[PDB]
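Student: Quick one: the structure is below, questions incoming.
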Amino acid sequence: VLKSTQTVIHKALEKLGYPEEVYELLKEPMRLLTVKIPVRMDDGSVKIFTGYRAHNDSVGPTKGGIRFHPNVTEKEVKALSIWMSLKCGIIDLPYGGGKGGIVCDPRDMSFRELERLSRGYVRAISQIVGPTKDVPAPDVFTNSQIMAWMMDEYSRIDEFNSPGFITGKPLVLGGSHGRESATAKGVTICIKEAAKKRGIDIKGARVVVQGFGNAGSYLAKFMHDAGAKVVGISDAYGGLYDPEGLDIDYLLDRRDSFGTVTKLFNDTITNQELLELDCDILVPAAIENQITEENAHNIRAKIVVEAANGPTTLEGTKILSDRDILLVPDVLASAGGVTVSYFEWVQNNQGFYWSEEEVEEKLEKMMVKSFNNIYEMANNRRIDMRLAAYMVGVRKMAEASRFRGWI
Amino acid sequence: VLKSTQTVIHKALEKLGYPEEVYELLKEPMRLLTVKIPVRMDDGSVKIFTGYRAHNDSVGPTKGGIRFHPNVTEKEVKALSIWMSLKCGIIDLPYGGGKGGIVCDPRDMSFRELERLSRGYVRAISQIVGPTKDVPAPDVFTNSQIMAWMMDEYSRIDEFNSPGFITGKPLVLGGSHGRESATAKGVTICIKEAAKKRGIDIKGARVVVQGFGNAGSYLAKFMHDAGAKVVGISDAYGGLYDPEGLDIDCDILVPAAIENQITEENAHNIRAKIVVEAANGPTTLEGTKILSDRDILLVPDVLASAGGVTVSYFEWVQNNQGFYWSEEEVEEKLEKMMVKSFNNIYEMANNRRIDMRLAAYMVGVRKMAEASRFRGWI
Amino acid sequence: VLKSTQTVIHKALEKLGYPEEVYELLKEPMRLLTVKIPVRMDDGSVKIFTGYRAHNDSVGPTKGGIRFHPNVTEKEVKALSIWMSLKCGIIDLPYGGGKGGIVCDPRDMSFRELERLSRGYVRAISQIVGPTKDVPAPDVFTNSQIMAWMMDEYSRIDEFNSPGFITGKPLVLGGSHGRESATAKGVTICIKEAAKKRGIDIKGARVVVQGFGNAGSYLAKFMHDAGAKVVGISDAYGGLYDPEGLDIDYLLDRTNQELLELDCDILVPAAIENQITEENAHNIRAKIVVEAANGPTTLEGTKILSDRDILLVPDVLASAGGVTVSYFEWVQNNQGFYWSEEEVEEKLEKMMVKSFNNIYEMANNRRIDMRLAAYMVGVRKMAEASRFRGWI
Amino acid sequence: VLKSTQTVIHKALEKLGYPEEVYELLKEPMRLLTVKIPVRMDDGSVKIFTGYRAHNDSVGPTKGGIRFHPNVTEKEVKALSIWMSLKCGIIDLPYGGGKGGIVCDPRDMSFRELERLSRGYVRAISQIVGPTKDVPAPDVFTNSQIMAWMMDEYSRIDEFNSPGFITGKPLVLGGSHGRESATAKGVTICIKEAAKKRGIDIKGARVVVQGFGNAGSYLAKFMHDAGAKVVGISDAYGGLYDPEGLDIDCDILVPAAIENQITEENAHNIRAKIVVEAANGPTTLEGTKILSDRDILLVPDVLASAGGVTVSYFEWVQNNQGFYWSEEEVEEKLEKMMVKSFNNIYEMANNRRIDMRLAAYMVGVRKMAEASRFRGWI
Amino acid sequence: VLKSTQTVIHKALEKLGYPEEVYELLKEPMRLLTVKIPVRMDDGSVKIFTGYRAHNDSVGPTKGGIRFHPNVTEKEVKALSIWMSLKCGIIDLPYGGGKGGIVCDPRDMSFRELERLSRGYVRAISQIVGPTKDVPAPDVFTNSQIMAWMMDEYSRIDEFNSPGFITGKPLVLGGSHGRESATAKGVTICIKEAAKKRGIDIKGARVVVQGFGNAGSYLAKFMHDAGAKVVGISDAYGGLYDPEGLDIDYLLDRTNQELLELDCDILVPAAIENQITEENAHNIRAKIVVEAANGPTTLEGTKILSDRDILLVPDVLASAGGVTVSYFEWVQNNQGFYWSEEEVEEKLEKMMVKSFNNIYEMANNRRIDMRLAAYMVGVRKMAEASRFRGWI
């Protein structure tokens, strides 16, 4: 995963004619903080939660969300941090890549516990974090409520309101319009572009979405409202299929806080079958490594847009290319989160807030602009979207690190 | 008195459906600093002035003016700080309410004495105020010069220019265009917007402005220039009426004078379709009800007058950017925010079958209630 | 020399009607830091460089560039810091004047030596500079790379990215679009705006650009593209004249007495000093003279042109394009949001227009030339601020 | 490996009667920072070095050295940070354990390269270290010069002299007298104090020092000067014995050499009444037991060698005062603390019927356990 | 002038065997801030005072006083800042040299005007000074009241009591006991310690104090109380001699050629410059000469005394008592704990003794006079520190 991100960054770097030294510098976050966080549990016990914060690169304050998952690991956190630098390079924000992770399961914890842990996180890392250093955001199993708690904790430490510290905030705390679903909106725009690029009509296109989380659900809905047929949908437990397009309104009706909805049905299919669902546009919005060497040949979509971090492997990606499938890379497709996060941060910087229309417009303009830069450079170079996107998303970081004398 | 403010806060929270605990939180400033400031007087003596700075609620940096007046009281600045939250909530500012006061009589103090006091005041409270913490402004007997001194003092303490510490500054110190007309203009925006709701074209609208003083006269020019038949004005010695329209060089009643003009005793008499308050408490509680029972749209002073606060906010934003807005740019943003504010309040009042006064109070109090809850304070 | 700057300051304050004490305040930088910077040289030796940083006046964060030159002097950086206030006042920036200088010869220093010096310079003055205090920029022999190093160093000291500490940065480090054309464009805006005042349509206006060098050539393309008959240009070996209008495009792609005495509407002296002198001032056929260089017209010439109805746009105002965009970069740094090339352009225009017009109108109301009125406007803001804040 | 340290921590907490949750808290550094440091190499290239800084526990500013070694590992610096807490608890320092490491080989790096790396290291971690936060020191291949560079760098970042950021500095930069002899002297104090407990006059005491290397030779001079019959010494090629006493110019055995000299295979053979470790793990676990079963007093290396840490602490104190101690003043304070420490540990071991090793561990771990509980962490 | 200080610095470094580059580093303050301070005068006017603050070298927080005098010059405060390093090196303080100066005449300024200036001075330089950066003190026409004002101002800027910013404070503001007698006592310690080196019992030692002014009279009481035969004193109108010993307590309650040529063990020139010259250096009967004033002995005289076995204790070492106690005040400020009069005394002694002995022993080992050796010891510490920190 990290190993893979590094091959493509290396290839990217080299393809641009960079000294090996630049790869060496970018291949891993320059600063990784891992922390132990004591948490008073409701049962009167005390549990030590392990946290991570990664700063890939500082040529710009680092930016990236914090996830709460049992399967989070230091390795994942580094790789996620590197993604983010690329996303910010790709969209062209004054950010470096960062990410956070706390080994825990919010499904097994209480509202109060999550707050204590949230506040515990900020207290462990406040020193290397803040409006001007490193701005976090939601990610897996975190929401605006967790951002609000953390923001509050940071503000009490700096002794004044520090909205810019962390993005994805509630509107009333200097949050931005459009952030809540920004990720999906970002994938949507990316789908529309890829569709228009392939001569595919969204009006009746069949779209399969793996994962029904915050990115997955809002996405499916945006595709539904775009008039698309969302035929395949899934959470961790399985998929739902309807060649005529699932009742999305209903599916996110039965949906719970954690994005599961599969259990309510008995006619469910497996997640690996879902990935082979006959369709135009496949949207991996779940866990990593879903398109490997052993199913890349079996996917029926001519367009695959990565809403999730690292959903397809190297060979998975090469194969997708060998057989003329259009793959919009994660470092592009999933970057609506940061982009709107970034707006939120500008608004925090200024103390003045944008309308939904202004966010929607700026968001669209930058993504479209980013898709085209990548799609075109992938053309001119006889290379895939991955390598192309990476080349776009590494440009600034490599140039800035050079200007500033690090390499 | 202070309880009057708390009654409003309670009523409003009540209607929103917030638990009693939220009221308990919001009923007093979460932070009050009262200070003693030694000032060297010109006569060689030394006088100790008592100052207060109140931060009602911190769901955003606090914001509010400082008055120099013999009769200012801790209880008063507390109360006023809360009202600032309301306004800030009403305009949807990224602020919380704050307020300052010094027990003194500027009218009996010299120029250099007032400066010493101003600097002393900042020296006393610097620890808890600033561009990111608490942004004062002018009030009763304070002005741009006082603001300047305070800004200079605060900047010395930070060791760098801190324009955004305090608003109402002179233009050269990072002040903002459009202060002079801020309040009046804010009223005009509420009047126009109220017109739209009642399907009343401004171009022929019969407008009545009580008080041809300072804000009144201004409002009259604004309607007459907007093509309204300003069919009536009044100062302190009666009024002028002319159905054809008075050449300032009914549909809308703008009470721009004193309190208790619209009472139970004459509320049923009001011919106007819209009443936009351009002054403090022109209409009693009954009158407000009566007008409500009748289909008369009553635009609350707390919303109508928020123009001043809004532009003070713009100054702070400009300070943050280090970039300063043209007179037109100030104007349009002032409009968008007033319109946005009028409409949120109008629509809540419409949906909830209550007057705009009460709905403004809810909107003024709701934001810091949501924020305080989000941040785990309640 | 430094007194020359002080004379201007005095004259301008004089006319505004400020008391002598205000001049006394503004005549010198309220703050001067001179430092000794040890640099490890490649030859193994150690050389101690002398650096200066001057803050003229603090009615806003100070702003101004740093030059690396063998001949830079404390007296010079002092003088220059004051000129920066003037410009800042002229453009109405929320700045005060500042200026830096290091006694060194970059031409004889290696890449890694220049970096060491740059970092040492920041290390030396970090205490009194920063995004909210004093914002340097490039000058004589300093560039975006030097700016980058300095920015990196300052950021290390704050322990966080501080783009707004120093302007003229590379784009990736939070620099701003529209630096390259800043000055030239600022001139063009003054030219157009001057046209409007004299009721001169640009679309047929006979334009004369002296110096077909770097800014001159640019100005020619701008008028020719704006539909002006660029009826004349000149480099160092004479000039071209053509009443019909010279196709500048034909020339990008490929006497001096006479060029200036050409029958034209707009004369843009974009060359050297003392072209417009008492000896030929009455000869100038142009209705408008917009300076695109330093001191092209002597003091007499300025008067003569004034006595005649010739509108003379002062270099100090015409060239403020560079400073203005450096300011935009700082603003963008404050926002953490970066402006499109077009957005930079329009703001550059609005400020130049606003500035031209304040200065033009003061000159008109007060029956004086634009030079003097610019000086008043350049000096008036910090005089008002300093008084408001109780310094005088 | 790291678990070895954790086993000790667990065992010690176990015996103190702390709940499992305390162990969970103390088993890992509450804070680990790992950094990548670009260094310009002399050959023109650029090498990225990996650095770590670990803060075990914050019940006081953390304290611990930095090693430059090809084989240093994150797991190692973590482990070592914990051992620093133990020592700090043992000496009763107002510290918590911290530790640094850079993966590099100083032996292959030039003078100017090592400086760049040192500055880069400080630049990388400056945010979480400092005189009040985390105080590094020299270790494996780091020295006073490296300390100096790091101190200079940190001072530049604070914009003022920060001697107390890092210890082991040269005297001119605020270093402390008595570093050279710190460890050795600490041993001598434990030896004398152990003597007192066993009613053994030093003046005639037969002393045996294994290893006549650097610390061994020193210890021999100290006993011989104290009037002990240093009846035996040894280097790597055997030993000297002389009942009359060897003129360095048994009662006490001071193993000052290598690990596993005192094993189950010979533990019953030891004639000495007191064994004071002046090196790392000279006695196996069994041997420690055997000596315990026999009435042989075994002074633990972790306590005996705490001289170095203690003087590094003195340097930090002097830095705080901005006042520097005479060589004698350092000596006496070093003694009082070692004596105080020896005695707390001896008495706990006596009261609780356990060896000094285990009791030292308890005392080393108990302080941060009490502090962490007092501060509501557990 | 400033070169005189630099000559000493060079000579001393020279002898230590430091390369020329070290001298280049130490020859000027690495940091000089000169400021313009607007003060509202009582007559309603506004006067702009010029102030300087110099940090010679940063191998420790800088330390040094501020003088208010019409004749203070940038060159002077620079020079003086360097001398402070020397003293600091001599006493082994964790300091570097610093110095302040304001061009003004306190004698013509009112009480409230002097306060405004003092606050303005702190306001001007606050960015680069403070308890951890640069610690001023009183000098020529400044006192504890001025110190108090400055301390109050600085504390306001930090928003907390910062006693350690500036020394020489009144006791209630965190000043230190033992200032009054600091210098005199430091001399006495050098005298006693010099005695020990020459095997001279104090109890019968014939002591001669030139100048029965303020420090002289004090020194006389100290020897007479220590059991020395103060066989001679002098003011400005000749001297008293009495082999049996003058009862200074009489004299205390209530010529110069001869007073100096008097048969004695210890000669303490506590008066003016150039008393010990080539013209009379061979005449001096004393075995030890301890300077209690500035430059009492010419360069030749210093040599002559050296050739003869006469021990000459340098003023720069003998007078370091004042600086030392100012340092104690700063330490106490750091601790927030204040020392008894006795505790100050003993620490003052230990440091003076330690200092005398390092300097004496270097002079003995290196076959040179104590003057030169003091200079080496005064300059050596910041040279070692600067090298350790990679500045040279």
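In chain A, numbers come from Swiss-Prot; the residues present are 17-70, 72-93, 97-427, in order.
Structure method, as recorded: X-ray crystallography, 2.4 Å.
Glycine is treated like the rest: Cβ placed from N, Cα and C.
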Student: Hey, Swiss-Prot has substrate bound by A:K80, A:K107. Any idea which of A:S341, A:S361, A:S375 it lists too?
Tutor: A:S361
Student: Provide the number of Cβ atoms within 10 Å of the Cβ of A:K119 (active site, proton donor), excluding the reference atom itself.
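Tutor: Around the Cβ of A:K119 (active site, proton donor), 33 other Cβ atoms lie within 10 Å.
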Student: Any idea of the Cα spread of the substrate site, A:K80, A:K107, A:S361, as a max distance in Å?
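Tutor: Output for substrate binders A:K80, A:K107, A:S361: max Cα distance 12 Å.
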Student: Would you list the other residues of this chain near substrate - those whose C-beta lies within 8 angstroms of the C-beta centroid of A:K80, A:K107, A:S361 - in sequence order?
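Tutor: Apart from A:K80, A:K107, A:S361, the close residues are A:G81, A:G82, A:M104, A:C108, A:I111, A:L113, A:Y115, A:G117, A:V155, A:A157, A:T187, A:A355, A:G357, A:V358, A:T359, A:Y362.
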Student: To the nearest whole angstrom, what is the C-alpha distance linking A:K119 (active site, proton donor) and A:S361 (substrate binding site)?
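Tutor: The Cα atom of A:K119 (active site, proton donor) is 13 Å away from the Cα atom of A:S361 (substrate binding site).
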Student: Looking only at Cβ atoms, how many others are within 10 Å of the one on A:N234 (NAD(+) binding site)?
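Tutor: The Cβ of A:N234 (NAD(+) binding site) has 23 Cβ neighbours within 10 Å.
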Student: Please state whether DSSP places A:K80 (substrate binding site) in a helix, a strand or coil.
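Tutor: Going by the DSSP assignment, A:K80 (substrate binding site) falls within a strand, counted as strand.
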Student: In whole Å, how far does the CA atom of A:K107 (substrate binding site) lie from that of A:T203 (NAD(+) binding site)?
Tutor: 12
Student: Write out the long-range same-chain contacts of A:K80 (substrate binding site), meaning residues 6 or more apart in sequence whose Cβ is under 8 Å from its Cβ.
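Tutor: Residues satisfying the criterion: A:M104, A:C108, A:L113, A:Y115, A:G116, A:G117, A:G118, A:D154, A:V155, A:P156, A:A157, A:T187, A:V358, A:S361, A:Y362, A:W365.
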Student: Indicate whether A:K119 (active site, proton donor) is helix, strand or coil by DSSP.
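Tutor: Looking at the DSSP assignment, A:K119 (active site, proton donor) belongs to a strand.
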Student: Pop the Cα-Cα gap between A:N234 (NAD(+) binding site) and A:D159 (site 'Important for catalysis') into the table, whole Å please.
Tutor: 9
Student: 10 Å Cβ neighbour count around A:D159 (site 'Important for catalysis')?
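Tutor: Within a 10 Å radius of the Cβ of A:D159 (site 'Important for catalysis') lie 25 other Cβ atoms.
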